[PDB]
Ligand SMILES: N[C@H](S)c1cccnc1
């Protein structure tokens, strides 16, 4: 069912994550972590302290889909075991901010064709699929996007609800 999902999404904030490649989303799915540029790191840390749930929705550029979404379980922290991201061409690992711990809520994909009726008021009401890495999605658009995903029956939101 979708009731616990709606509970988790209640009054959440949502951020669009655009990844250069699948390997980074797969690393994120396996390790439960994400690391972003400092400009987005600062926004996520502010948002983490401000709301009951901060949701990251991932899209690999040129894939035509979202690859799932996850909930921030910590602020960014430095000094962990280094994560072997496949960084974009001109980018080095030092340019990255700290590491966020995340809990996955949905590891299934969703094609953009399924979200074409959703527009993000925080990006000029363009379709929610359009946006730079780190673009915030307004509450209602964000919730309806997450509800479009196929249910991920591998996941139990009971532990996530304990985190809030
Ligand atoms: N860690 C991933 S590869 C990433 C790279 C650049 C910006 N944001 C996230």
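Counting begins at 1 with the first residue displayed.
Determined by X-ray crystallography, 2.0 Å, according to the entry header.
Heads up, the Cβ atoms here are built off N, Cα and C, so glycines get one too.
The annotation domain 'YTH' is assigned in Swiss-Prot to 12-149 on the grounds of sequence analysis.
The RNA binding site annotation in Swiss-Prot covers 18, 19, 20, 34, 35, 85, 133. Counted within 10 Å of its Cβ, the other Cβ atoms near residue 35 (RNA binding site) come to 20, all protein chains included.
Taking all protein chains in view, 8 other C-beta atoms sit within 10 angstroms of the C-beta of residue 81 (phosphoserine). According to Swiss-Prot, the phosphoserine annotation covers 81 (among others), on the basis of a large-scale study or a structure entry.
Every protein chain shown contributes to the tally, and the Cβ of residue 92 (phosphoserine) ends up with 7 other Cβ atoms within 10 Å. Taken from Swiss-Prot, the feature phosphoserine applies to 92 (among others), supported by a large-scale study or a structure entry.
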Sparsest-packed of the listed binding-site residues (19, 20) - C-beta count within 10 angstroms: 20
Recorded positions close to ligand 1 - of 18, 35, 81, 85, 92, only those whose C-beta is under 6 Å away: 35, 85
Rounded Cα separation (Å) that holds between residue 85 (RNA binding site) and residue 92 (phosphoserine): 10
Rounded Cα-Cα span from residue 92 (phosphoserine) to residue 18 (RNA binding site), Å: 18
Inter-residue C-alpha distance, residue 92 (phosphoserine) and residue 34 (RNA binding site) (nearest angstrom): 16
Taking residues 18, 19, 20, 34, 35, 85, 133, which bind RNA in the record, the widest Cα spacing (Å, whole number): 16
